[PDB]
Amino acid sequence: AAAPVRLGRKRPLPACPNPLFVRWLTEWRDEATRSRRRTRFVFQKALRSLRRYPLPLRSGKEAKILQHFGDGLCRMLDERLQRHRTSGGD
């Protein structure tokens with residue numbers, strides 16, 4: 001039906017398993033790879049660091065405190081949450 005994610009109980013486990021964050025980061029990850037730009041490397045590392053951090057990410061501010069998120073990333077990801085929030089939130 002959908003693409004089977006090859007997963008498991010392998011470590012390091014994702015400290016942020018939040019379906020909102022997990023999805024939109026993976027969407028923009030494959031899109032950053034699709035763009036073939038520098039945005040690929042900086043975003044993929046930012047994705048790792050976001051889901052590496054066991055913090056209560058409920059807003060874009062908890063993404064801003066990561067220095068692995070560049071100023072450009074902190075903008076676009078804060079907007080990703082905000083636009084979807086105004087669209088319904090779920």
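Each value in this text was obtained by applying a stated rule to the coordinates, not by laboratory testing. Cβ: placed from backbone, ideal geometry, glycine included. Neighbour counts: every protein chain shown.
Going by neighbour counts of Cβ atoms within 10 Å, the residues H68, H84 line up, fewest first, as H84, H68. Applying the Karplus relation 6.51 cos²θ - 1.76 cosθ + 1.60 with θ = phi - 60° to the stretch 69-86 yields 3J(HN,Hα) values of 7, x, 4, x, 5, 4, 5, 5, 6, 5, 5, 4, 5, 4, 5, 5, 5, 5 Hz, where x marks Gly and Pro.
Its Cα centre serving as origin, the chain has a Cβ charge dipole (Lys and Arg +1, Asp and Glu -1) of approximately 440 debye. Label sites at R52 and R83, each approximated as a point 7 angstrom past Cα along Cα to Cβ, lie 2.8 nm apart. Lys and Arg at +1, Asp and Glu at -1: add these up for the other residues within a Cβ distance under 15 Å of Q82 and post the number. Spelling it out: positives minus negatives among the neighbours equals +3. Projecting the Cα positions of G70, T33, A46 onto the charge dipole of the stretch 19-87 (unit charges on Cβ atoms of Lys, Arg, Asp and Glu, taken about the Cα centre) puts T33 furthest along the positive direction.
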